[PDB]
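A.B. asks: Dropping a structure here in structure tokens format, bear with me for questions.
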Amino acid sequence: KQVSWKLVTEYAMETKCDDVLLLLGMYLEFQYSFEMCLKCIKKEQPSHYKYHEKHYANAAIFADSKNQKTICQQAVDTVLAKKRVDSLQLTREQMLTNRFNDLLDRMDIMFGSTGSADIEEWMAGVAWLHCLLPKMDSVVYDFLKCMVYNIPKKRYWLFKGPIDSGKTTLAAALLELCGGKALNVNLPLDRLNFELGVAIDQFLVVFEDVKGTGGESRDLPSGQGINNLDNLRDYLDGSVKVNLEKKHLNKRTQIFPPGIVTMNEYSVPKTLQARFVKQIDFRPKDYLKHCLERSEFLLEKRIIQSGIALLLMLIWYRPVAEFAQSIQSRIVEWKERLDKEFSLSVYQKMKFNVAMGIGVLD
Amino acid sequence: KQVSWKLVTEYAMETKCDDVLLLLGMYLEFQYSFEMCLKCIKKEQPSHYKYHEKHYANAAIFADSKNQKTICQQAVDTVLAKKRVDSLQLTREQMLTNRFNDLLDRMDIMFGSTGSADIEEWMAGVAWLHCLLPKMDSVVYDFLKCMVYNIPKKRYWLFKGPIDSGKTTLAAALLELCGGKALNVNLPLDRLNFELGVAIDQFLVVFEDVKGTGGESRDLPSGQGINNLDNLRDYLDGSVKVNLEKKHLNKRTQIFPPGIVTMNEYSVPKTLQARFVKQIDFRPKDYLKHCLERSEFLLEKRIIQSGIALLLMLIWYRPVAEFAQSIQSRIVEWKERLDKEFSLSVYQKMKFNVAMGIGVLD
Amino acid sequence: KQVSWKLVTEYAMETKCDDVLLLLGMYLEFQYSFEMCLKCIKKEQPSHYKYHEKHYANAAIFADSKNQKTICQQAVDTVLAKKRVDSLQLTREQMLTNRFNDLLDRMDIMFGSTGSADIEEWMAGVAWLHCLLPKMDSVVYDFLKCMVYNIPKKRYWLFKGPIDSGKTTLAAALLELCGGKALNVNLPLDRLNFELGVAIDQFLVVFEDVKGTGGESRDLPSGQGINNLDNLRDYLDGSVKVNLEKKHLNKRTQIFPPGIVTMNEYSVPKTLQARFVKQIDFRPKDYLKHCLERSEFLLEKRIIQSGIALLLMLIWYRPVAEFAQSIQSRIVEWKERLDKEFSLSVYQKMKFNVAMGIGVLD
Amino acid sequence: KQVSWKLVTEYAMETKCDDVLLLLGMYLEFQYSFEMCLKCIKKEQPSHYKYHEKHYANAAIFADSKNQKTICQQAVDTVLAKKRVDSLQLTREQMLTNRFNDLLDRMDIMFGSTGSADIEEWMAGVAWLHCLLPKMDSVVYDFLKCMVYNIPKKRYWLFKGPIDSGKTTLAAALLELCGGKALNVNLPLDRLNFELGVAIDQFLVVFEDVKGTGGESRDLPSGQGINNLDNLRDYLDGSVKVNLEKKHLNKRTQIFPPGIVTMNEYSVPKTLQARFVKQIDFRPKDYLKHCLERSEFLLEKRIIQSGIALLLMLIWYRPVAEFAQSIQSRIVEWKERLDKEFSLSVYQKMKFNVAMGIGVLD
Amino acid sequence: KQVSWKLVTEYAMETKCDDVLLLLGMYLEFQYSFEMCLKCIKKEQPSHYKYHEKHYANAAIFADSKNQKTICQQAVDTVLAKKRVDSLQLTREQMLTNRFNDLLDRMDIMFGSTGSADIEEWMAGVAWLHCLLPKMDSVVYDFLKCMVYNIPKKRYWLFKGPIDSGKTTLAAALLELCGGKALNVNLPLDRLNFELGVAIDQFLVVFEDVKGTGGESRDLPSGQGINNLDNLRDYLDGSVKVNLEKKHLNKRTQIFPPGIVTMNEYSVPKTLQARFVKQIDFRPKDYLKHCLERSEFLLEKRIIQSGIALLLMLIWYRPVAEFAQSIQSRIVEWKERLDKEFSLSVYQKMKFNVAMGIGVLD
DNA sequence: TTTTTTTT
Ligand SMILES: Nc1ncnc2c1ncn2[C@@H]1O[C@H](COP(=O)(O)OP(=O)(O)OP(=O)(O)O)[C@@H](O)[C@H]1O
Ligand SMILES: Nc1ncnc2c1ncn2[C@@H]1O[C@H](COP(=O)(O)OP(=O)(O)OP(=O)(O)O)[C@@H](O)[C@H]1O
Ligand SMILES: Nc1ncnc2c1ncn2[C@@H]1O[C@H](COP(=O)(O)OP(=O)(O)OP(=O)(O)O)[C@@H](O)[C@H]1O
Ligand SMILES: Nc1ncnc2c1ncn2[C@@H]1O[C@H](COP(=O)(O)OP(=O)(O)OP(=O)(O)O)[C@@H](O)[C@H]1O
Ligand SMILES: Nc1ncnc2c1ncn2[C@@H]1O[C@H](COP(=O)(O)OP(=O)(O)OP(=O)(O)O)[C@@H](O)[C@H]1O
């Protein structure tokens with residue numbers, strides 16, 4: 001009897017898998033009886049245990065096929081095709097709404113009964129991030145709106161301050177929240193071509209550590225990044241399309257995505273200042289350092305790195321109307337859960353502890 | 001029963017799709033019942049909702065096919081083949097009229113009932129453009145004729161001005177009007193061959209912001225572009241065919257298309273000055289800036305960059321006789337629609353606002 | 001019922017088509033009923049309307065086929081095979097005799113009933129070229145003999161003169177006449193591998209304004225041209241076969257075609273001077289410039305740079321016996337037609353106008 | 001019925017055709033009735049007219065096939081396989097006597113009833129060649145034996161002489177005689193590696209006018225030649241096997257063939273100079289120039305380049321016993337034909353005219 | 001009836017053929033009746049005549065196959081797979097055992113019934129070899145077993161002594177017995193990086209004459225080699241795996257093979273000295289130079305640098321027990337031959353002639 | 001697999 005290529009393609013769509021080998025390997029695991037399957041019983045991986053019982057019959061026949069990689073290629077093509085349709089048709093608001101739904105699904109697992117995470121430790125994360133800058137939650141909301149509208153010239157934000165000011169932490173969490181890539185412009189001009197190629201079809205980009213020149217007056221090591229950026233005015237202003245390249249691929253043409261620039265305290269040309277909507281200053285604060293010393297489960301579990309943490313911050317702080325209408329129903333349910341799990345007193349006690357530089361938990 | 005490859009080829013032809021993935025992903029959407037298709041019901045994408053009901057039955061059988069990518073490959077070849085045939089057989093005038101017919105079709109949507117655009121905002125853009133240079137509409141007509149005639153050694157226009165003088169803004173609109181590609185020649189000579197490969201079958205090209213050398217006298221940064229360009233005289237001259245290269249592809253041979261060069265105020269070898277038929281200065285002007293500050297919906301919606309804006313300018317200013325015969329019927333209808341919606345006093349009020357540096361509207 | 005691959009192959013032979021996409025595109029057009037084919041009715045393209053009615057029946061079945069690119073590939077291979085057989089077995093004189101028949105067929109169309117070309121404008125071009133150098137028609141006959149005889153190390157003609165001397169204009173018309181390729185050697189020395197690979201099976205080649213050195217004294221900025229050419233002395237000399245490369249293709253070994261090099265007046269090593277059997281000096285002459293200004297239809301229709309114009313010159317000036325026997329019949333008919341449609345006094349009126357620098361016509 | 005791939009492969013073997021396009025084109029000619037075949041009637045090409053009648057029936061069925069290139073690919077591989085088997089199993093003497101049989105077969109045609117060449121002209125070529133250097137036949141006999149005995153570090157001879165001093169003229173004739181390949185050194189080693197791949201299964205090679213250094217004192221521009229030569233000492237010695245490259249096909253390990261190198265008077269490292277038995281070149285004899293200038297059919301028909309002229313020279317000069325045994329029958333047969341058609345006085349008359357530098361065929 | 005793919009695969013295994021073209025060509029030869037087969041009658045090649053009669057029936061059907069190259073590709077894979085299994089599985093001792101068997105077969109070739117390598121010229125080579133320096137057969141046996149054991153640190157010998165001293169000559173012969181390569185180090189570090197990759201997968205290696213920096217105090221001209229090697233601590237010791245690299249290719253990781261260093265009388269750091277098991281110095285000798293001058297047949301049939309000339313030297317001197325335990329059979333059989341063929345007096349006469357520096361084959 | 005990338 002025949003293999004159903006359709007059931008494979010459906011699994012690939014549902015897992016959103018787009019590596020042929022990863023797709024292949026996982027489907028083969030279903031060939032053993034789901035009824036006895038230790039991976040099912042131990043509830044180890046949702047992309048397995050949700051699916052094993054459904055695909056078992058087809059996996060058994062798949063295991064005898066002689067066409068195995070051919071089946072997988074067509075399946076993976078279907079997933080890649082769906083992505084490109086979406087890229088050309090969705091609004092940036094819908095893109096972000098989809099991205100949020102993905103994170104919310106991961107949170108449902110993380111804090112589920114199977115969930116290994118501790119919602120209390122993750123709320124301790126939110127308390128620390130809310131102390132990193134004044135009006136942190138309002139600042140995030142502004143950044144997101146700026147990315148969604150993608151208004152030309154009004155596109156780019158500058159993070160400034162010394163080593164261990166925290167700027168890379170916040171960049172990483174934002175980059176996880178929205179999706180995107182880091183880029184390093186400190187290179188010589190020739191390699192920048194493939195470097196910028198990374199930006200193709202991304203939502204955000206982040207420029208790391210754009211080294212100035214002459215900051216060595218204050219021990220900052222000098223480099224070319226600032227000059228290179230000043231030579232990229234149209235990529236930043238985003239008013240017109242640019243060509244982009246990848247290794248072994250022909251060029252594509254698109255609006256270069258919005259993003260973030262990060263630096264230590266180099267001097268900035270006025271030509272470059274004009275490019276930026278907003279500059280945010282990061283300054284070392286000892287009470288955060290002493291708090292982290294006593295609350296290091298934050299670092300160990302990478303809580304303060306994660307977009308998941310920022311999403312919890314938005315859920316706790318923002319009015320429901322601020323979210324895209326479709327997901328507002330899920331947001332209410334999470335707000336309800338958090339209101340059940342914590343009183344404001346509990347949360348504010350944590351904020352006080354952080355201000356003391358004491359460990360977050362008491 | 002079996003897949004009709006013919007119906008897929010029709011869909012590719014009618015959508016003018018030439019990406020195999022986009023074609024695939026699009027066609028797969030039709031497999032669900034159009035009668036419930038929310039994309040149809042919400043009238044979100046014409047390249048969907050026009051076609052779903054027609055293609056539905058074949059899409060269901062296509063969803064079961066084991067050959068899916070081969071079927072799409074043949075369809076995409078047919079669309080590519082038609083472009084090839086046209087490149088060798090249309091007059092340059094006919095090409096331009098086809099291109100115009102497509103923009104006019106897009107304008108029909110944008111200002112339709114489903115049309116989101118405000119014709120008053122788009123007409124405001126024409127006022128700002130007609131201020132950017134003396135006799136602006138005459139300049140556009142002269143450029144269009146030059147591009148149609150494609151007279152050898154009389155093929156290229158040079159734009160000069162300081163930064164923020166509007167040259168790349170104007171180049172963008174012409175390029176969207178005619179269709180074509182931008183190119184960057186401030187490069188090492190080795191990559192340059194794959195760079196020039198982009199010009200294949202294009203109508204225009206634009207060489208963007210070519211760097212001279214010694215312009216640091218004027219504080220200009222310096223680079224290869226001008227010296228690199230003087231090695232390419234025959235590409236400008238267009239008197240003879242040249243050979244063009246793409247990655248993993250053997251060379252094509254054709255005449256290199258006509259176009260535009262933009263730069264800040266470097267000096268130039270007259271071996272290259274001889275190649276330019278015309279040179280246009282651009283100058284910063286305060287009232288444009290002050291007007292634009294109070295008119296930022298122009299920038300937010302990219303109106304000022306977009307070829308639709310130049311087409312609207314021509315329809316307003318130029319006689320019907322100057323358009324090629326077949327489109328004169330549509331041109332007449334659009335002229336009637338514009339005149340119905342705008343008095344000369346309204347248009348002159350807008351122009352007077354721009355001159356005064358108030359926001360365009362009042 | 002099934003596709004005749006034989007009928008397709010025959011059309012590719014008939015058209016001498018050798019791009020698979022161009023072949024595919026044009027054969028598809030025959031699917032619609034020739035009974036109403038607007039292209040046929042408008043008599044626009046010979047390669048269509050001559051063939052549509054014959055191929056229509058087979059094109060309808062081709063339109064359904066699943067193999068389409070494969071059928072086209074075999075047809076293109078048959079045309080390519082015919083070219084290789086010919087290149088290995090014809091005398092160079094027969095090759096040229098065939099080329100002349102193809103041009104004469106095009107002239108029969110151009111000045112035929114459809115008659116898109118005015119023979120008066122075309123003859124005005126002949127007067128302009130015959131004025132460009134002394135004894136012009138004698139010089140063309142010398143060049144043809146040289147290319148036919150292909151005497152080793154007596155194989156190349158050098159054109160020198162300042163900008164707008166007309167050297168490219170003459171080279172362009174000659175290249176069209178014989179059929180051949182232009183090539184750029186002002187290039188990085190590695191990429192020459194695939195560049196020169198284009199010369200496979202060609203009859204004649206041209207190198208462009210080849211960037212030398214020493215001319216910096218006169219603002220000729222220098223480059224790899226003369227450097228590279230003084231390497232390839234064997235390619236010029238043609239005493240031995242050389243290996244030529246294409247992408248995804250193993251090398252072809254053959255003797256390298258004769259031809260022409262063009263030069264603004266850089267310096268040349270005498271190892272290279274030894275290899276040009278002849279050099280011609282070209283000079284700007286204002287009265288030609290004044291003539292062109294008033295006679296711009298020459299440039300706009302590209303008349304003066306077409307081998308069609310050179311063929312008309314030879315028909316006017318040379319004895320019938322100088323042509324190969326099989327075409328002497330066609331030559332006689334065109335001599336008669338020319339004598340009918342022009343008196344000598346008209347041609348003398350034209351040539352006088354050219355000398356005066358006024359508009360050629362009066 | 002169906003195509004006999006066997007009959008196709010026989011033709012490929014008997015033509016020794018080893019290009020798939022050439023073979024394809026050739027065989028398709030046979031599809032017409034040979035009984036009226038104009039080429040047969042003309043006796044135009046032996047590789048056609050000998051075979052048309054035999055292959056006609058199979059060619060008709062071949063003309064309808066859908067596998068045509070695949071059939072030709074298998075046939076071509078049979079021919080290459082035969083070459084590869086000979087390339088290892090035969091002695092260098094056995095190879096050479098095969099080569100001579102092929103040339104003798106051409107001469108039988110060239111002076112045959114078609115007789116398109118006249119042995120008197122070719123004899124005048126012999127006279128010019130034997131006049132070019134003393135005892136030319138004897139120095140050739142030395143070179144032949146050296147190449148058969150193939151002694152390492154003694155596998156190569158050089159010419160270092162001036163331009164237009166004939167070294168290429170002689171190399172061409174020897175290379176035609178031996179059936180080697182020319183190769184080009186003057187390249188980046190990072191691609192020369194592939195070019196050397198052509199040396200697979202060759203009797204002999206020649207390296208061309210290789211760019212040294214220090215020749216700059218006499219305007220010879222320096223380059224990669226000297227560098228790449230003194231690098232490849234293994235190949236120059238003939239020390240060991242090398243894995244020679246091919247595209248889309250495996251590389252092959254085999255020992256490199258012996259050869260010749262030409263240059264003008266560049267530097268040569270003594271580390272290189274060690275590797276050559278003879279390092280000898282020859283310099284202009286102006287009277288010969290005046291002879292050529294009055295005997296130009298010699299050059300026009302390329303007689304003095306062609307290995308056929310050398311073979312005629314050895315037939316005249318050498319003892320029958322100096323040839324390999326089996327061909328000595330044919331050697332005697334041709335010695336008869338020379339002595340039948342020429343007196344010594346005629347040959348001497350040619351040779352004094354040559355030495356006098358005058359036109360020869362008085 | 002049908003081609004047995006099995007029989008084709010047997011022949012490939014038995015011949016150890018691993019080029020698809022050779023396999024194809026040779027197997028096709030069997031298609032003629034073996035009963036008359038003149039290659040069999042002449043006993044030209046065992047790879048033919050040993051097999052033809054067995055394979056004949058299958059070869060006939062093979063010649064009619066339409067699939068031929070596909071059969072051969074699978075057969076060649078079988079032989080390559082066999083090598084890769086053994087290459088991974090077996091010991092250095094087993095591998096040398098087989099390398100002996102190969103070279104003992106080349107003795108069975110060279111001194112088989114054709115004797116085209118004269119066993120006694122090869123004895124004169126053995127004489128010149130053993131006369132070269134002290135105790136040479138033992139010095140070989142020692143160095144050989146040293147390289148078989150590959151014991152850490154105990155892995156490198158230093159061949160000092162001047163130009164033409166023979167050190168290069170001998171290493172080449174041992175490399176014939178085992179494979180391997182020589183290596184440069186005389187360069188700045190960026191060169192060394194890629195150069196070190198040459199050692200990858202070598203069963204043995206050597207270093208080219210180290211022009212040691214700091215040898216110029218001895219007036220020995222130099223490059224960086226001494227400081228290079230003195231820094232390369234591990235590579236010599238072979239204590240642990242190291243990484244190796246090539247142009248355009250990824251890194252590989254392996255224990256760096258053992259070997260030899262060659263130099264003239266250069267300066268050495270005592271650290272670098274500690275890396276070597278033996279210090280040796282070679283010198284040119286007046287008897288030996290005048291002997292080869294008088295005995296050049298040893299150069300002509302490639303003897304003195306041949307590994308077989310070492311193999312014969314070992315079969316002469318070394319007892320059967322010193323050879324691989326089963327190959328010892330062949331050792332006895334060649335001992336029988338050589339001891340029968342040559343008296344010790346002719347061997348001693350030959351050695352004495354070398355001791356007189358006079359021609360060996362008196 | 002070639003190519004492009006890499007290497008320069
Ligand atoms: N505001 C802060 N005050 C004190 N310590 C901080 C602060 N922010 C971050 N840290 C400490 O700095 C460490 C590194 O943080 P992060 O990488 O975000 O800093 P950064 O300023 O972006 O650094 P860099 O510029 O070097 O990448 C954190 O793990 C934390 O220990
Ligand atoms: N003539 C002008 N006078 C004043 N402001 C101008 C003028 N032209 C453009 N602007 C302002 O400058 C911005 C940038 O315009 P644009 O990018 O076309 O300038 P440019 O000088 O042509 O740039 P570049 O040469 O770098 O491509 C516009 O969006 C507008 O805000
Ligand atoms: N002899 C001439 N006298 C005056 N004008 C000329 C002459 N020859 C050409 N022209 C003008 O010069 C233009 C360019 O001619 P052409 O390209 O053949 O010259 P060129 O010397 O080969 O130039 P370049 O070095 O730029 O390639 C022609 O289109 C014509 O307008
Ligand atoms: N000895 C000679 N006497 C007179 N003319 C000669 C002589 N040798 C060569 N020539 C002339 O030189 C022409 C070119 O010869 P050839 O190409 O063989 O020389 P070459 O030394 O190899 O030159 P190059 O290195 O420049 O290619 C010959 O066709 C002939 O006209
Ligand atoms: N000891 C010797 N006495 C005389 N001739 C020798 C001796 N050794 C080698 N030869 C001859 O000299 C040639 C070169 O020897 P070889 O290259 O092995 O010496 P080398 O000492 O390694 O030289 P170099 O240090 O110059 O690279 C050999 O091929 C052989 O013909």
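Order determines the names: the first chain of the structure tokens is A, the second B, and so forth; residues in each chain are numbered 1 upward, and ligands are numbered 1 upward as they are shown.
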Residues within 10 Å of ligand 3 (only C-alpha atoms (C1' of nucleotides) and all ligand atoms), as a ChimeraX atom specification?
C.D. replies: /B:151-154,233-234,236-240,271-272,274-275 /C:129,131-133,159-172,208-210,262-265,282-293,296,298-299,302,304-305
A.B. asks: Mind dumping a table of every chain D residue within 9 Å of chain E, with the nearest atom pair and its distance in Å to one decimal, using only C-alpha atoms, sorted by chain and rising number, as JSON lines?
C.D. replies:
{"residue": "D:4", "atom": "CA", "partner": "E:64", "partner_atom": "CA", "distance": 9.0}
{"residue": "D:5", "atom": "CA", "partner": "E:66", "partner_atom": "CA", "distance": 7.4}
{"residue": "D:6", "atom": "CA", "partner": "E:64", "partner_atom": "CA", "distance": 6.9}
{"residue": "D:71", "atom": "CA", "partner": "E:66", "partner_atom": "CA", "distance": 8.2}
{"residue": "D:74", "atom": "CA", "partner": "E:69", "partner_atom": "CA", "distance": 7.5}
{"residue": "D:77", "atom": "CA", "partner": "E:21", "partner_atom": "CA", "distance": 7.7}
{"residue": "D:78", "atom": "CA", "partner": "E:25", "partner_atom": "CA", "distance": 6.8}
{"residue": "D:79", "atom": "CA", "partner": "E:25", "partner_atom": "CA", "distance": 8.5}
{"residue": "D:80", "atom": "CA", "partner": "E:21", "partner_atom": "CA", "distance": 7.4}
{"residue": "D:81", "atom": "CA", "partner": "E:25", "partner_atom": "CA", "distance": 4.4}
{"residue": "D:82", "atom": "CA", "partner": "E:25", "partner_atom": "CA", "distance": 5.4}
{"residue": "D:83", "atom": "CA", "partner": "E:25", "partner_atom": "CA", "distance": 8.4}
{"residue": "D:84", "atom": "CA", "partner": "E:22", "partner_atom": "CA", "distance": 6.2}
{"residue": "D:85", "atom": "CA", "partner": "E:22", "partner_atom": "CA", "distance": 6.0}
{"residue": "D:89", "atom": "CA", "partner": "E:45", "partner_atom": "CA", "distance": 7.9}
{"residue": "D:151", "atom": "CA", "partner": "E:300", "partner_atom": "CA", "distance": 6.2}
{"residue": "D:152", "atom": "CA", "partner": "E:300", "partner_atom": "CA", "distance": 7.7}
{"residue": "D:250", "atom": "CA", "partner": "E:19", "partner_atom": "CA", "distance": 8.6}
{"residue": "D:252", "atom": "CA", "partner": "E:19", "partner_atom": "CA", "distance": 8.1}
A.B. asks: What lies within 10 Å of residue 27 (chain D) using only C-alpha atoms (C1' of nucleotides), ignoring chain neighbours under 3 positions off, as a list in words?
C.D. replies: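 With the cut-off at 10 Å, the set is residues 8, 11, 12, 22, 23, 24, 30, 31, 48, 51, 52, 55, 56, 58, 59, 60, 62, 63 and 72 of chain D.
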A.B. asks: Go ahead and save the picked residues with C-alpha atoms, as a compact mmCIF listing (two decimals), in the first residue's frame.
C.D. replies:
# COMPACT_ATOMS: atom_id res chain seq x y z
CA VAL D 8 26.48 4.54 -34.87
CA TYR D 11 31.05 5.29 -37.59
CA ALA D 12 32.42 7.08 -34.54
CA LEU D 22 30.41 16.96 -34.51
CA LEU D 23 29.30 13.32 -34.53
CA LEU D 24 25.65 14.28 -34.14
CA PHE D 30 22.95 10.66 -43.84
CA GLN D 31 19.17 10.84 -43.34
CA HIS D 48 30.79 11.66 -45.62
CA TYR D 51 29.74 6.17 -45.47
CA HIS D 52 26.47 7.74 -46.60
CA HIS D 55 24.49 4.25 -42.90
CA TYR D 56 21.46 5.69 -44.76
CA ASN D 58 20.08 3.48 -39.80
CA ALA D 59 20.33 7.27 -40.08
CA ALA D 60 16.69 7.50 -41.17
CA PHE D 62 18.11 7.69 -35.98
CA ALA D 63 16.61 10.90 -37.34
CA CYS D 72 26.16 9.94 -29.46
A.B. asks: Distance cut-off 12 Å, counting only C-alpha atoms (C1' of nucleotides) - which residues of chain E neighbour chain F? Return them as a list in words.
C.D. replies: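 That gives the following set of residues: residues 190, 191, 194, 246, 247, 248, 249 and 250 of chain E.
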A.B. asks: Which neighbours of residue 93 (chain A) fall inside 9 Å, counting only C-alpha atoms (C1' of nucleotides), when residues of the same chain fewer than 5 positions from it are skipped, and could you give them as a PDB file with C-alpha atoms, in the first residue's frame?
C.D. replies:
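The resulting file, selection.pdb, is reproduced below:
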ATOM      1  CA  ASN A  98       2.579  35.745  14.074  1.00  0.00           C
ATOM      2  CA  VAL A 148       6.215  48.138  12.506  1.00  0.00           C
ATOM      3  CA  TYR A 149       5.673  51.476  10.778  1.00  0.00           C
ATOM      4  CA  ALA A 324      -3.186  43.236  17.706  1.00  0.00           C
TER       5      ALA A 324
END
A.B. asks: As number ranges by chain, please: the residues near residue 119 (chain C) (cut-off 9 Å, only C-alpha atoms (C1' of nucleotides), same-chain neighbours under 6 positions excluded).
C.D. replies: C: 110-111, 338, 341
A.B. asks: Please produce a file of the residues just selected, as a PDB file, in the first residue's frame, where the atoms kept are N, CA and C atoms.
C.D. replies:
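Listed below is the output, selection_27.pdb:
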ATOM      1  N   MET C 110      13.615  44.413 -45.755  1.00  0.00           N
ATOM      2  CA  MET C 110      13.644  45.817 -45.362  1.00  0.00           C
ATOM      3  C   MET C 110      13.121  46.736 -46.454  1.00  0.00           C
ATOM      4  N   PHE C 111      13.606  46.562 -47.675  1.00  0.00           N
ATOM      5  CA  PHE C 111      13.196  47.391 -48.794  1.00  0.00           C
ATOM      6  C   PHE C 111      12.111  46.732 -49.629  1.00  0.00           C
ATOM      7  N   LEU C 338      19.379  49.376 -57.769  1.00  0.00           N
ATOM      8  CA  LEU C 338      20.019  50.619 -57.354  1.00  0.00           C
ATOM      9  C   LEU C 338      20.082  51.625 -58.492  1.00  0.00           C
ATOM     10  N   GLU C 341      16.558  53.105 -58.953  1.00  0.00           N
ATOM     11  CA  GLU C 341      16.076  54.022 -57.930  1.00  0.00           C
ATOM     12  C   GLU C 341      16.999  55.212 -57.670  1.00  0.00           C
TER      13      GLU C 341
END
A.B. asks: Just list the residues in region 118-196 of chain B DSSP gives alpha helix (DSSP H) on the backbone, as a PyMOL selection string.
C.D. replies: chain B and resi 119-132+136-149+167-178+192-196
A.B. asks: Can you pull out the residues contacting residue 360 (chain D)? Cut-off 7 Å, using only C-alpha atoms (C1' of nucleotides), and skip same-chain residues under 3 positions away; I want them as a list in words.
C.D. replies: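 The residues satisfying every condition are residues 295, 350, 353 and 354 of chain D.
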A.B. asks: With distances taken over only C-alpha atoms, which of E:108, E:195, E:261, E:242 is nearest to residue 212 (chain E)?
C.D. replies: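 For residue 212 (chain E), the nearest of the given residues is E:261.
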A.B. asks: Excluding residue 313 (chain A) and its own-chain neighbours fewer than 3 positions away, which residues fall within 10 Å of it when counting only C-alpha atoms (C1' of nucleotides)? Please give them as an MDAnalysis selection string.
C.D. replies: chainID A and resid 123 125:127 129:130 136:137 140 307:310 316:318
A.B. asks: Can you list, as a list in words, all residues belonging to region 145-188 of chain A that DSSP tags as strand (DSSP E or B)?
C.D. replies: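 Everything in region 145-188 of chain A that counts as strand (DSSP E or B) is residues 156, 157, 158, 159, 160, 180, 181, 182 and 183 of chain A.
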